[PDB]
Protein chains: 4
Amino acid sequence: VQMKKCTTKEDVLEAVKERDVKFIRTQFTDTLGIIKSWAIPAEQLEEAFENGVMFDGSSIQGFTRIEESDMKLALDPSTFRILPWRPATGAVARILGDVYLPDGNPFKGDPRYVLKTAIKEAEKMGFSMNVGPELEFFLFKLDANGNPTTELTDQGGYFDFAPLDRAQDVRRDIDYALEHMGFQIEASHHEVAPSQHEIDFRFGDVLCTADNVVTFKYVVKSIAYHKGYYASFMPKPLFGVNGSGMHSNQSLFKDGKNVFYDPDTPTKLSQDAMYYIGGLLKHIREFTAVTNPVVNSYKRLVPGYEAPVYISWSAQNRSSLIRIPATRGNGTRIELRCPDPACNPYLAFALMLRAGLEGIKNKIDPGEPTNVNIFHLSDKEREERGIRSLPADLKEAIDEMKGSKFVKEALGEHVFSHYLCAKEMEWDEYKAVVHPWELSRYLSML
Amino acid sequence: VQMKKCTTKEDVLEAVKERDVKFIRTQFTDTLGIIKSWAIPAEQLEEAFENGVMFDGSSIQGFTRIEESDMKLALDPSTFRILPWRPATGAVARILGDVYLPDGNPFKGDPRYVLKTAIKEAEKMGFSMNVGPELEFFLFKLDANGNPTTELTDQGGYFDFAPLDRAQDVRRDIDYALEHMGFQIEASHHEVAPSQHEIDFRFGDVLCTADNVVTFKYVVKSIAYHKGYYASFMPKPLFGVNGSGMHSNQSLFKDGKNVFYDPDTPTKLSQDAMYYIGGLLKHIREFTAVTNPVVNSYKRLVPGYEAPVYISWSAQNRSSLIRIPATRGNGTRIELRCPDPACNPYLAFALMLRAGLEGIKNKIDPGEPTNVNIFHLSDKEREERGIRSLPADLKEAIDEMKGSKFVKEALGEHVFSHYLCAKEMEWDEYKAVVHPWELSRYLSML
Amino acid sequence: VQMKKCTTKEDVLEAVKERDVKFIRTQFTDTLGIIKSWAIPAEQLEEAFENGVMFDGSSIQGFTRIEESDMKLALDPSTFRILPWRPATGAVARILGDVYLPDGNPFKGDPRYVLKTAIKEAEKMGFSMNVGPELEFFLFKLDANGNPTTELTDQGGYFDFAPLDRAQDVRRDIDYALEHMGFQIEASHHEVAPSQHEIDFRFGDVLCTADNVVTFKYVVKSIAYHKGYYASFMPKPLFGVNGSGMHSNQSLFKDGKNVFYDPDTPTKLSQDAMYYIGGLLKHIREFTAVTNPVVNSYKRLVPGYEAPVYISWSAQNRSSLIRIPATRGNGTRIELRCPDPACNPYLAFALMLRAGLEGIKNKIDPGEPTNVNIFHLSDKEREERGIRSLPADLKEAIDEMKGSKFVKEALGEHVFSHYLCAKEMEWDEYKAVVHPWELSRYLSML
Amino acid sequence: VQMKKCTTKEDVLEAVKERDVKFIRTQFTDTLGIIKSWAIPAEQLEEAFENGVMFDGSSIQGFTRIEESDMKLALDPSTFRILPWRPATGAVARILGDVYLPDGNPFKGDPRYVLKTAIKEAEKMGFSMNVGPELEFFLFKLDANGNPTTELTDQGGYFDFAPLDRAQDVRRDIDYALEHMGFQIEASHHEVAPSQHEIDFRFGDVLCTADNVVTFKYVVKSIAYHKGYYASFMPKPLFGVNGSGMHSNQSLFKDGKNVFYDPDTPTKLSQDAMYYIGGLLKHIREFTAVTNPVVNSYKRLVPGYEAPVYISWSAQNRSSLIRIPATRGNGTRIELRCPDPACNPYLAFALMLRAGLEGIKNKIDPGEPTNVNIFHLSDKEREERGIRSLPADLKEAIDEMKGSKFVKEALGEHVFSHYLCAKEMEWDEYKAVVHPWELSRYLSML
Ligand SMILES: O=C(O)CCC(=O)C(=O)O
Ligand SMILES: O=C(O)CCC(=O)C(=O)O
Ligand SMILES: O=C(O)CCC(=O)C(=O)O
Ligand SMILES: O=C(O)CCC(=O)C(=O)O
């Protein structure tokens, strides 16, 4: 909206000049998926495009150590975007960058570098990945200090209207801001859980899509904050209601044609689509710790009637792990329903790409589709069907990822080790906490 | 104290007559270790000694189903005891009983029956078990309604005096009450954690010891309640301070001689003592779910510098799972340090007895003792020494117990299945709870 | 009072029988001077007198490690005393003990053992030390929960009467209790600071005197607690008013004669008295960390007009480190004014004894006495007189103690190392704290 | 911005006339680094440029005595700057000045005079100093009366975005104001600690740089105040989070060439750079009391994992005292990381310049660089490498500065004596305070 997407640094400089841009937010994503930002003046942008932007990486989790901590951000001109919630006079813009070592080599601990490596691996087989993510978030009230709470903003449900849904203005302003940041909005609605909302944007290439995921998260948070609300991408902030997931629709392309499409097959799906699904189902347990990164992710991913915890695929069944929407042609896609919006999109999308590529290369059969309600099935029926489960908690997923040579190869040694160390520290802190539930259950019994 | 221990029902009736006993609390222990009590008049005691006391078992957890729920309690006269905190005029007494089916057979789901079966198994090899348990409990404040809290009664530490320890009167009254119930007090002190106390009573035969454990728990709770306090036997009611365990000292006897003693050996320990330790260490993972029954038990049993989570044995080392106090002769005993006071003493003591008997029968070598501080060791050093760990949470211990044929054989099918079902329901409820820790950690990040 | 002091275990057993003693508090002092107590029944006292009382030493600070943590307390019958604030029916008594290793050897980390070693060293030269300590304490209010505060109980001053001093009843009950515990009270009064009081008891042999110091501290604390007050032995609980010290009057005896007395000298002081003063003045900097153990001790020991921070000796001058009261004959004594009631009396008295013995053995001249008000002197005047200062804070005293071979020899390796480690941890925690004084001084200015 | 930097008094008068400037804030820096300001009308500015501005120096700390207290401020036209937060109509401008005695001689107690003396000393050897300081500050809430607090404005961390960082508007307005006051902003971001922010401006000549440091501090404070916040340059306002330092990047120049650069050397550093580092490392202990002036500075400078307390140098290691950024050519610089923003920039920069000049003149070898994480090293490993430590507290640094003839020569007798006297009074007041930490630690124990 009102600003054509720049491709080169010259277009970025012209846009900075003509849109009265004064501050440039040089941005990158850390290992755990948190956006890292610092502001440089627009006068320094020409020097930043040539020499990079130097920063200390020892204060960034998963990055370099304190002994060798100097790092450089190489700005990507195509990611240049003006923030619409910032003032228009002396405008503020963001540029995403790639993290580099001072010797000119890319930082292998950069998640964007991991996604680029997965993209290069796909291109070596002639494949290009398109990802359409569906992010759910909660809008909660802020307290008197403007700090986040879990207080509900409405008691609405799925597709609710009227004053049952009380965030039409917030979703409207989010949609406007996203269109200003180059998003193509498709739909926006109230989700199943109270105060839960989904805003769908158009799919794109996987690198641009992961950039869009981190951008979408911080844009939604900023717009919610300026209206007096808090936007939460916690997987399960509230008990008893629906959690927030990130349904990941993915499609493969080769020579301009959708790889997953085959008009000759009765199901209109190619053998390569089945191989991609088989690789995803084979490897999903090994990087559930990445697609579902936090302890709360497994408060969302509990067996029940909501969470895609059962490893399976189907066409229309929404109780299966993998869903294949009936769209055919260039729109043929595979939806992974396990991940939540707390995951690092670069690492998660890279790992799904690598799992699908491994399935295609090794010709992994996905098995028979599960067309029944797996939630209504019992453990005996699921055991007879061979329907396995995702890791039940963060420790189990850490253990699954630790022994995975596939995840270690796909992520690189730095990302693998630092991610596992951070998750291990998080679980070790969590596992010692005496929760109020235990006091309510045991104190007056024991 | 003041009442000689009755052995026959005639002695019980004489004591009821001469001590003005009006109410008899017929008591038993349920599957999870909770004392179950109801009061009959002393006039009905003569009929209750011949026909038993009939009760409904469908309202007792782990007991019979609602279709066949009539149950009979067969009173054991040796357990007759007058409660000292109850009024002396129209005195109140308790009798423990064995649960029987209406057809005259013992209820196989009775934990006391399980312990008696373990005792019979030991006697078939000529062994008799003596157990000395060391129970820790917390003394918390009561609220305005007299309900339990976790509010500290003092900030004292181990062996603290003065007003640093603020429960000398409560411990004094508990000691008096326990001596009235036939306990032989050995020591009483403030424990390591704030508001934590240990009262040690003399060892005895394992059946009387388990009776003493349940009696001690409810006596401490009653005495604390009448002084305006709450006695908590929760394994870990507070974070950051010491949890409460139940160190289980056990000794075996045959022909009047301590089996674990051997004056000829350099370490003054018989080969049967080593076999008992080997069986305990081999099987302890399979009934950690019994010795540590609740979710909070594994908030106590965390790797660190306090909890005996590492499967090992030693003589003086208190970082080992099994300790051998230097007492020899008839006082030679083996101390298991994993269990907490929330466990069912009948099932726990029966399982330790059966594990030790399996070790003696199969000549299981316990391996080399670990004389170093295992807490100061790293995971690499513990892996090099082969030092295994106890189950990290209740789910892992449930899984370990489920596949154990030893635990299933020792407990019987009814106790095994009902205990596992109750623990599974407990963990399934716990695992879905969104804790305030997750809100504090993730809400303003995600 | 009413109970003649027992000397043998038979006398103790007779006193237990005839005074209805039911609970025995087996007591000892840890490395930092804190009384450690646990209660055994009086029925176990005969066995405890023969085999000792076993306890875990790993939970006691400065004691053994967790790998070899079994310890035995050898009860001292002469220390047997009935606590008067405890009920008379089912009376409670205390017995102090010596800590022994299980192999029958004394524990070298026991402070009582350190004092006994100092006594043996003095006896090898024919000397016996008598110590008269003068303890000051504060009387503060209890809060609603009965926890310590610093709220003043009165605004009185030195030797104040009327309702200016509001603790005549507390001092009266303390005096009664102390007389019941074998103390010979000499005087009791309100001290200089508000809510500050001094109760003087008769001197005695140094081992009995240190026993009396720890006994006095916990007796005063208990009596204050039962009247709704808190007795604080903090060196400096309040700023701007007088701190609490422990003036240590010491006298040496040989062949029944006071060593420090000489009727032929003009000052009526023997050369051995001057040698003792010289040794004390030479070594006092090396164990100031023992006589003044905590950080708050040096908030008392600040240069000013109250604290004896200047290393000097004199006869009547109370601004000197060492004061010689004009009493002569058998009452000739040397008063060390630096220590506070927070010190371990066993270690402190042992170190003063060893410093004086080193002065006598090495013939150390104490120099000229300082008969002027050293507080009114300037730093230049004190520098010309050669008047050195005590360590300014706990860190400086720790550093002085570290390099002292005299203190290491006098305390033994275990006590030296563990005491220094505890003090180092205490100072390392203290030195990082951002105090509210810094916020008041710097926040609005920097 | 919008006002070209004046060089002569004629340019200042023209700017005053054309910008409607009515009030001139004649400003100077006192001995401890606090800006001292008073307002004269712009009509008096022509007379002030000729005769100076008379003021009373007895009310300024570190300045003249009350007997001879008349002082004159000689205005520096190059420092003329219009304050942007003051009204534009009847504009308010500042002029920095040099403090002079009435006899026309410069006041030797003026810190700006000390820096000018250091500059003259450097120019006598042909050197010119360029300093780039990196200042960290905290943004705290104001109370109801607009007084400073320590209440956090956000819980963000290093390089945080979104509403995690809640001070983008404050940083934006600070950047605008600094650009108005002649600063060239380079970067601005949220720092590691919560509510902590860093704004980087371009380096310059050392005199202009120290002027910029004091200007930056009061500009940040004014802008924060007008938005309802408090800007704190306190070294360690909060415990457990990162403190605020002032990393001092310095470069030397001779004949237009960076002295520290040498293309022939393998490390691209001249021998003079090593000499400068050696002089800095040799003398840093002697003026740590200047670079770290307050008691709180050593609550920041504690051994740990954050503070540069270990005397060492390296290239990329951020655990070293001295860092050498990889920039070469004219950008070669040496970063001293010990100082905090509470220091007097004139005295601090003068002392770093003099230490480096002494290193160059005396050919002081800096030793081997320390390329390992010194924070992860133990005291034994640091002692084997000869890695010394900075003074642990303000008293130790005062004692180090007392015996330094280098600091006395570099600062002059007046500044040296008055600075030491002020620091001595500060420490003497601090050392007597009974802190609440001591009450929490000792009151219930002693
Ligand atoms: O309801 C929404 O999703 C926001 C868009 C909209 O329809 C509106 O502006 O009300
Ligand atoms: O302190 C205790 O353990 C209770 C027994 C006792 O010594 C007392 O009565 O005070
Ligand atoms: O005032 C005192 O020290 C207590 C003793 C006394 O004189 C009294 O009982 O009032
Ligand atoms: O965030 C900042 O450092 C302030 C500058 C900026 O980017 C803005 O105006 O938002």
Side-chain angles (χ1 to χ4, degrees), chain A residues 20-27 37-42 44 82-95 139 154 156 159-162 164-179 185-191 197-200 220 222-223 226, chain C residues 139 154 156 159-162 164-179 185-191 197-200 220 223, chain D residues 139 154 156 159-179 185-191 197-200 220 223:
Chain A
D20 197 38
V21 178
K22 195 174 164 48
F23 303 100
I24 304 285
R25 310 279 200 130
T26 52
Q27 289 178 347
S37 186
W38 70 111
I40 61 141
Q44 322 272 107
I82 295 176
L83 313 178
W85 63 92
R86 297 270 79 226
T89 292
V92 186
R94 79 99 196 261
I95 306 187
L139 295 165
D154 59 66
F159 280 5
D160 265 348
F161 196 58
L164 265 189
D165 160 59
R166 281 183 80 184
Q168 59 188 11
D169 283 318
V170 188
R171 287 203 307 279
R172 168 194 186 84
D173 282 358
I174 288 167
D175 288 350
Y176 271 115
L178 285 170
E179 294 142 13
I185 308 301
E186 309 180 298
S188 76
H189 58 80
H190 197 298
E191 259 290 337
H197 313 274
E198 173 158 332
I199 290 149
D200 294 316
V220 170
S222 300
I223 296 305
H226 292 302
Chain C
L139 221 34
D154 56 67
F159 282 2
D160 263 347
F161 198 58
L164 266 185
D165 160 59
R166 279 182 81 184
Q168 63 190 4
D169 281 306
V170 188
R171 290 208 300 281
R172 168 194 187 84
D173 283 355
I174 288 167
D175 289 349
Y176 271 117
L178 284 170
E179 288 145 10
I185 302 307
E186 302 177 304
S188 78
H189 60 85
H190 199 292
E191 258 290 336
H197 314 280
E198 179 159 324
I199 290 147
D200 288 323
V220 169
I223 296 306
Chain D
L139 267 183
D154 57 66
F159 280 5
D160 265 347
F161 198 57
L164 265 192
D165 161 60
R166 280 184 80 185
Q168 63 190 4
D169 281 311
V170 187
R171 284 204 306 279
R172 167 194 187 84
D173 278 348
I174 288 167
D175 289 349
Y176 270 117
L178 287 169
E179 288 144 10
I185 307 302
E186 311 182 296
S188 76
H189 59 86
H190 198 296
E191 258 290 336
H197 314 280
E198 174 157 331
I199 290 148
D200 287 325
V220 169
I223 297 307

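Heavy atoms only: backbone and side chains are in, while hydrogens, waters and symmetry mates are out. Counting starts at 1 for both ligands and their atoms, following the listed order. Letters A, B, ... mirror the listed sequences (proteins, then strands); counts begin at 1.
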Spatial distance of atom CD1 (D:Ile174) from atom CG (D:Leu139) [nearest 0.5 Å]: 6.0 Å
Flag if over 12 foreign heavy atoms under 6.0 Å of OH, C:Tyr176: no
D:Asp175/A:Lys22 salt bridge by N-O under 4.0 Å criterion: no
D:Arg172 side chain to A:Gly90 backbone, donor-acceptor under 3.5 Å: yes
Under 3.5 Å donor-acceptor, A:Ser37 side chain and A:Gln27 backbone: no
Parallel, tilted or perpendicular: ring planes of C:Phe159 versus C:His189, cut at 30 and 60 degrees: perpendicular
Residues lining ligand 4 [heavy-atom distance under 4.0 Å, listed by chain and residue number]: A:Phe23, A:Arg25, A:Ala39, A:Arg86, A:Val92, D:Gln168, D:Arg171, D:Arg172, D:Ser188
